[PDB]
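Undergrad: Got a structure for you, questions after.
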Amino acid sequence: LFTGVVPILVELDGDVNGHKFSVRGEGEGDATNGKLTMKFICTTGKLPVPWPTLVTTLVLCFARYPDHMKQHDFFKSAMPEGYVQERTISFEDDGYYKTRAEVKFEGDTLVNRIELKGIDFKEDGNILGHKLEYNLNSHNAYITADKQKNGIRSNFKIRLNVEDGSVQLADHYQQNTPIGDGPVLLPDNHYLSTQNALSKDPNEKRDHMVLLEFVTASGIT
């Protein structure tokens with residue numbers, strides 16, 4: 001199921017401050033090496049927010065969990081029926097993203113289907129005003145079990161690069177639960193670490209993002 005390369009489809013329907021948009025993505029995942037390769041297209045025209053602010057919303061089941069941590073891989077153990085991933089994201093000095101997603105297999109394809117709402121952004125801020133560099137730093141995230149809520153949680157911060165040279169923080173608050181609320185593997189506390197390279201397709205005319213990404217779990221011997 002995750003042994004070799006798996007095709008991925010991402011579908012995101014959003015609106016920020018009432019501006020409606022949609023993103024579709026295709027690529028593949030290789031959980032053996034923790035590797036993702038994707039191309040995302042804005043199917044509604046110009047993306048009304050910067051692409052770097054959507055990377056975390058646009059499949060942690062492809063993180064590399066080494067052998068000794070397989071008993072702590074919530075994301076794969078919930079497959080193929082899948083999980084719900086929900087986030088609140090607070091942007092420094094600006095608005096909020098509220099996201100709900102279902103991650104599951106639909107046939108041979110791993111599908112991430114997302115709804116996003118962005119509330120109370122400034123029209124002339126860094127997000128709606130498109131003032132971010134086209135880049136995303138490497139980041140770490142602490143993963144904990146929530147036995148009460150039958151799932152896992154994670155709170156982490158992302159550092160966005162602003163075109164004036166400053167840094168803008170995005171505080172992420174995350175919760176995952178299995179689709180169907182059935183029995184859930186409860187991991188011990190551990191970390192996920194991500195590297196991501198954002199680029200462009202020199203022949204693509206639509207608003208788009210090419211992504212190469214590497215995610216690895218650590219923290220349990």
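Following the order of the structure tokens, chains are lettered A, B, ..., residues in each are numbered from 1, and ligands are numbered from 1.
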Tell me, as a PDB file with N, CA and C atoms, in the first residue's frame, which residues lie within 12 Å of residue A:119, counting only C-alpha atoms; anything in the same chain fewer than 2 positions away does not count.

TA:
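The file below, selection.pdb, is the result:
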ATOM      1  N   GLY A  14     -11.267  26.716  -1.402  1.00  0.00           N
ATOM      2  CA  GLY A  14     -11.116  27.710  -0.368  1.00  0.00           C
ATOM      3  C   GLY A  14     -11.814  29.007  -0.722  1.00  0.00           C
ATOM      4  N   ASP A  15     -11.900  29.866   0.290  1.00  0.00           N
ATOM      5  CA  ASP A  15     -12.068  31.291   0.072  1.00  0.00           C
ATOM      6  C   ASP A  15     -11.459  32.034   1.247  1.00  0.00           C
ATOM      7  N   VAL A  16     -10.760  33.115   0.935  1.00  0.00           N
ATOM      8  CA  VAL A  16     -10.140  33.989   1.919  1.00  0.00           C
ATOM      9  C   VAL A  16     -10.793  35.355   1.763  1.00  0.00           C
ATOM     10  N   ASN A  17     -11.396  35.857   2.840  1.00  0.00           N
ATOM     11  CA  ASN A  17     -12.119  37.139   2.822  1.00  0.00           C
ATOM     12  C   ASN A  17     -13.156  37.181   1.701  1.00  0.00           C
ATOM     13  N   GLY A  18     -13.782  36.037   1.421  1.00  0.00           N
ATOM     14  CA  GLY A  18     -14.783  35.936   0.379  1.00  0.00           C
ATOM     15  C   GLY A  18     -14.262  35.686  -1.025  1.00  0.00           C
ATOM     16  N   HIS A  19     -12.950  35.764  -1.251  1.00  0.00           N
ATOM     17  CA  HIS A  19     -12.369  35.489  -2.565  1.00  0.00           C
ATOM     18  C   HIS A  19     -12.244  33.983  -2.745  1.00  0.00           C
ATOM     19  N   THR A  88      -6.293  25.043  12.647  1.00  0.00           N
ATOM     20  CA  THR A  88      -6.395  26.492  12.717  1.00  0.00           C
ATOM     21  C   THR A  88      -4.985  27.052  12.577  1.00  0.00           C
ATOM     22  N   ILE A  89      -4.821  28.047  11.710  1.00  0.00           N
ATOM     23  CA  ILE A  89      -3.528  28.676  11.445  1.00  0.00           C
ATOM     24  C   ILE A  89      -3.680  30.173  11.685  1.00  0.00           C
ATOM     25  N   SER A  90      -2.909  30.710  12.621  1.00  0.00           N
ATOM     26  CA  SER A  90      -2.962  32.127  12.950  1.00  0.00           C
ATOM     27  C   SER A  90      -1.718  32.804  12.381  1.00  0.00           C
ATOM     28  N   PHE A  91      -1.921  33.753  11.469  1.00  0.00           N
ATOM     29  CA  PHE A  91      -0.808  34.481  10.872  1.00  0.00           C
ATOM     30  C   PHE A  91      -0.462  35.692  11.727  1.00  0.00           C
ATOM     31  N   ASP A  94      -2.089  39.225  11.351  1.00  0.00           N
ATOM     32  CA  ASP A  94      -3.043  39.101  10.253  1.00  0.00           C
ATOM     33  C   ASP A  94      -4.143  38.096  10.597  1.00  0.00           C
ATOM     34  N   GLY A  95      -4.758  37.483   9.583  1.00  0.00           N
ATOM     35  CA  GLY A  95      -5.926  36.632   9.758  1.00  0.00           C
ATOM     36  C   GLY A  95      -5.632  35.168  10.059  1.00  0.00           C
ATOM     37  N   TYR A  96      -6.655  34.321   9.831  1.00  0.00           N
ATOM     38  CA  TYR A  96      -6.667  32.914  10.248  1.00  0.00           C
ATOM     39  C   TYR A  96      -7.127  32.013   9.104  1.00  0.00           C
ATOM     40  N   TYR A  97      -6.465  30.863   8.931  1.00  0.00           N
ATOM     41  CA  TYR A  97      -6.971  29.787   8.077  1.00  0.00           C
ATOM     42  C   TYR A  97      -7.651  28.741   8.949  1.00  0.00           C
ATOM     43  N   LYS A  98      -8.821  28.291   8.531  1.00  0.00           N
ATOM     44  CA  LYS A  98      -9.460  27.137   9.150  1.00  0.00           C
ATOM     45  C   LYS A  98      -9.616  26.074   8.078  1.00  0.00           C
ATOM     46  N   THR A  99      -9.000  24.916   8.296  1.00  0.00           N
ATOM     47  CA  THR A  99      -8.973  23.881   7.274  1.00  0.00           C
ATOM     48  C   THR A  99      -9.521  22.581   7.837  1.00  0.00           C
ATOM     49  N   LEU A 116     -10.970  25.041   2.872  1.00  0.00           N
ATOM     50  CA  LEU A 116     -10.263  26.103   3.580  1.00  0.00           C
ATOM     51  C   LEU A 116     -11.122  27.358   3.662  1.00  0.00           C
ATOM     52  N   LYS A 117     -11.156  27.969   4.846  1.00  0.00           N
ATOM     53  CA  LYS A 117     -11.736  29.291   5.042  1.00  0.00           C
ATOM     54  C   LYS A 117     -10.700  30.215   5.664  1.00  0.00           C
ATOM     55  N   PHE A 121      -8.327  38.734   7.073  1.00  0.00           N
ATOM     56  CA  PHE A 121      -7.036  39.203   6.593  1.00  0.00           C
ATOM     57  C   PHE A 121      -7.143  40.655   6.137  1.00  0.00           C
ATOM     58  N   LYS A 122      -6.027  41.374   6.223  1.00  0.00           N
ATOM     59  CA  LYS A 122      -5.929  42.716   5.657  1.00  0.00           C
ATOM     60  C   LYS A 122      -5.711  42.640   4.157  1.00  0.00           C
ATOM     61  N   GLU A 123      -6.421  43.492   3.419  1.00  0.00           N
ATOM     62  CA  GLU A 123      -6.288  43.485   1.966  1.00  0.00           C
ATOM     63  C   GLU A 123      -4.900  43.942   1.526  1.00  0.00           C
ATOM     64  N   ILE A 127      -0.309  38.727   2.972  1.00  0.00           N
ATOM     65  CA  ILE A 127      -0.935  37.541   2.403  1.00  0.00           C
ATOM     66  C   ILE A 127      -1.812  37.933   1.217  1.00  0.00           C
ATOM     67  N   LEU A 128      -2.847  38.744   1.471  1.00  0.00           N
ATOM     68  CA  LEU A 128      -3.707  39.206   0.380  1.00  0.00           C
ATOM     69  C   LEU A 128      -2.969  40.143  -0.566  1.00  0.00           C
TER      70      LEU A 128
END

Undergrad: Please provide as a list in words all residues within 12 Å of residue A:166, with the sequence filter that same-chain residues fewer than 5 positions apart are discarded (counting only C-alpha atoms).

TA: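 Those residues are residues 92, 126, 131, 132, 133, 159, 160 and 161 of chain A.
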
Undergrad: Name the closest residue to residue A:70 among the candidates A:82, A:34, A:4, A:187; distances are taken between atoms, counting only C-alpha atoms.

TA: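 Looking only at the distances to residue A:70, the closest residue turns out to be A:187.
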
Undergrad: Using DSSP on the backbone, list every residue of stretch 21-186 of chain A that comes out as alpha helix (DSSP H), and give them as number ranges by chain.

TA: A: 74-77

Undergrad: Using only C-alpha atoms, can you tell me which of A:48, A:115, A:178, A:211 comes closest to residue A:28?

TA: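 Looking only at the distances to residue A:28, the closest residue turns out to be A:211.
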
Undergrad: Neighbouring residues of stretch 191-206 of chain A were defined as those with any atom within 6 Å, considering only C-alpha atoms; residues of the same chain fewer than 2 positions away were excluded. Please report them as JSON, numbers by chain.

TA: {"A": [138, 139, 140, 141, 142, 143, 208, 209, 210, 211, 212, 213, 214, 215, 216, 217, 218, 219]}

Undergrad: When you count only C-alpha atoms, which of these residues is closest to residue A:137: A:179, A:114, A:103, A:55?

TA: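 Checking each candidate against residue A:137, we get A:55 as the closest.
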
Undergrad: Using only C-alpha atoms, pick whichever of A:13, A:102, A:81, A:30 has the shortest atom-to-atom distance to residue A:65.

TA: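 That would be A:30, the residue with the smallest distance to residue A:65.
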
Undergrad: Could you tell me, as a list in words, which residues of stretch 97-130 of chain A DSSP assigns to strand (DSSP E or B) when given the backbone?

TA: residues 97, 98, 99, 100, 101, 102, 103, 104, 105, 106, 109, 110, 111, 112, 113, 114, 115, 116, 117, 118 and 119 of chain A

Undergrad: Could you state the separation of atom CA of residue A:175 and atom CA of residue A:77 in Å, given to one decimal place?

TA: 16.0 Å

Undergrad: Determine the nearest neighbour of residue A:145 from the options A:190, A:130, A:35, A:20, counting only C-alpha atoms.

TA: A:190

Undergrad: Which of these, A:186, A:42, A:49, A:69, has the shortest distance to residue A:129 once you count only C-alpha atoms?

TA: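 Checking each of A:186, A:42, A:49, A:69 against residue A:129, counting only C-alpha atoms, the winner is A:49.
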
Undergrad: Distance table requested - stretch 40-75 of chain A against stretch 84-87 of chain A, cut-off 10 Å, only C-alpha atoms: one row per qualifying residue with the closest atom pair and its distance in Å to one decimal, ordered by chain and rising residue number, as a tab-separated table.

TA:
residue	atom	partner	partner_atom	distance
A:56	CA	A:87	CA	9.8
A:57	CA	A:87	CA	8.3
A:59	CA	A:85	CA	9.3
A:60	CA	A:85	CA	9.8
